[PDB]
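Where a number appears in this text, it was derived from the coordinates with a stated rule and is not lab data. Virtual Cβ from ideal backbone geometry, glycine too; neighbours counted across all protein chains shown.
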Amino acid sequence: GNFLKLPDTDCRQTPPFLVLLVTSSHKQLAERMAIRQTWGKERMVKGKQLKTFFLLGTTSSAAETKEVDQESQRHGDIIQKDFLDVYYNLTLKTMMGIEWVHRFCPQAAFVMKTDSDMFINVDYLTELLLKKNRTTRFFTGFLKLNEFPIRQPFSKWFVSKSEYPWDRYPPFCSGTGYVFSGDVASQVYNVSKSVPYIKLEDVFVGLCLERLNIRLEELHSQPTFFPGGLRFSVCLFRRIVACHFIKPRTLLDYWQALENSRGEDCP
Ligand SMILES: *[C@@H]1O[C@H](CO)[C@@H](O[C@@H]2O[C@H](CO)[C@@H](O)[C@H](O)[C@H]2NC(C)=O)[C@H](O)[C@H]1NC(C)=O
Ligand SMILES: O=c1ccn([C@@H]2O[C@H](COP(=O)(O)OP(=O)(O)O)[C@@H](O)[C@H]2O)c(=O)[nH]1
Ligand SMILES: *[C@@H]1O[C@H](CO[C@@H]2O[C@@H](C)[C@@H](O)[C@@H](O)[C@@H]2O)[C@@H](O)[C@H](O)[C@H]1NC(C)=O
Ligand SMILES: [Mn+2]
């Protein structure tokens, strides 16, 4: 599928239970390292394999290119295709990850597309997935069901009426972090080229899901995805899946906190 970089993995020999696909720009090496030492550390969670890969495009900068090439050689966890890695190309990045799942890891039980400014509790997510008994046509996260396109011309998320001509967006989940059974990736890739393009990646996935008649489901009876951020407590982060607004230094302090407090019980 025209991939410049592929992770050294074989999902047929060892079918992963959860695959994390993380978006980060080239210069965000600090974010990728913090994730690699924290929630992205590959391991067995309740006997289920967790794999973590980073989605990258390409950049004009030769320096950055070299750096990333070196990182791929040292880590072997980068998925890359030739597309200008900018905020308005995140739909290409997301479709790149979905294509990678479809071509090289269709065996994954579940896939999580996440951003790099985030805390992910994989242990609580794995537990909640094994309790849902939903292994096909499954898609969850922070559900956004009546969103209106931003028409403020200078907003980061402005879309003109030519880019998106309708009053409302389809049902979708925040791109901060969404999870789907591995089969959905193949369906989204197959229908992607026939769905009207939009530069907001989570909206675009929503348009595809709408085309495929796959409905959005809440993961749990309590909220577990927090795109707005949360006040930190070891007890709260033990009972959530994802939290946004987390810079790298903060991610390491939180992981040290949960590591320092393992063994303590919580109200
Ligand atoms: C997203 O990435 C694509 C692919 O790199 C960009 O399209 C190319 O843009 C470069 C310069 O930006 C041109 O030299 C090429 O002719 C374009 N090729 C293709 C395949 O279209 C595109 O511009 C990027 N989008 C944004 C918003 O920057
Ligand atoms: O050129 C870019 C810019 C951003 N991102 C990633 O896209 C996500 C969204 O960017 P940001 O967090 O700045 O936006 P917001 O949270 O405001 O939507 C983050 O994981 C970034 O690392 C990326 O992969 N390439
Ligand atoms: C998932 O399934 C768990 C156990 O399996 C169930 O046991 C049999 C006897 C039937 O009750 C059948 O529904 C299941 O296969 C349940 O404990 C659990 O509640 C289920 N999850 C949900 C949210 O329904
Ligand atoms: Mn963000």
Scope segment 250-267; condition more than 16 Å from ligand 2 (Cβ to nearest atom) and assigned to a helix (DSSP H, G or I); matching residues: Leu252, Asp253, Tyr254, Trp255, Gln256, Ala257, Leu258, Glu259, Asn260
Residue in segment 233-249 that is more than 16 Å from ligand 3 (Cβ to nearest atom) and farther than 30 Å from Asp265 by Cβ present: no
Filtered residues of segment 6-35 (kept if within 11 Å of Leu55 (Cα to Cα), within 16 Å of the chain's Cα centre (by Cα) and among the hydrophobic types (A, V, I, L, M, F, W, C)): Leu20, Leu21, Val22
Number of the exception - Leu125 against (1) within 16 Å of ligand 3 (Cβ to nearest atom); (2) in contact (Cβ under 8 Å) with a residue 40 or more places away in the chain; (3) out of contact with any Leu (no Cβ under 9 Å at 6 or more places or on another chain): (3)
Residue tally, condition surrounded by fewer than 19 Cβ atoms within 10 Å (Cβ to Cβ) and touching a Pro at 6+ places or on another chain (Cβ under 6 Å), over segment 80-116: 1
Every residue from segment 90-136 that is under 11 Å from the mean Cα position of the chain (by Cα) and away from ligand 4 (no atom under 16 Å from the Cβ): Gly97, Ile98, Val111
Some residue of segment 149-172 being over 20 Å from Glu31 (Cα atoms), within 16 Å of ligand 3 (Cβ to nearest atom) and outside any loop (DSSP other than H, G, I, E, B): no
Entirely in segment 1-107, the strands (runs of 3 or more DSSP E) that have 2 or more residues that are in contact with an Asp or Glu (Cβ under 7 Å, 6 or more places away or on another chain) and closer than 25 Å to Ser181 by Cα: 48-58
Any hit, segment 236-250, residues being polar (S, T, N, Q), more than 16 Å from ligand 4 (Cβ to nearest atom), surrounded by 13 or more Cβ atoms within 10 Å (Cβ to Cβ) and farther than 18 Å from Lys93 by Cβ: no
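Per-residue answers, yes or no, for (1) away from ligand 4 (no atom under 16 Å from the Cβ); (2) under 16 Å from the mean Cα position of the chain (by Cα):
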| site | (1), (2) |
| --- | --- |
| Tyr164 | yes, no |
| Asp167 | yes, no |
| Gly177 | no, yes |
| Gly182 | yes, yes |
| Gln187 | yes, no |
| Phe204 | yes, yes |
| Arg215 | yes, no |
Counted residues, segment 142-168 - those being under 22 Å from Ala185 (Cα atoms) and either within 14 Å of ligand 2 (Cβ to nearest atom) or surrounded by fewer than 15 Cβ atoms within 10 Å (Cβ to Cβ) (or both): 3
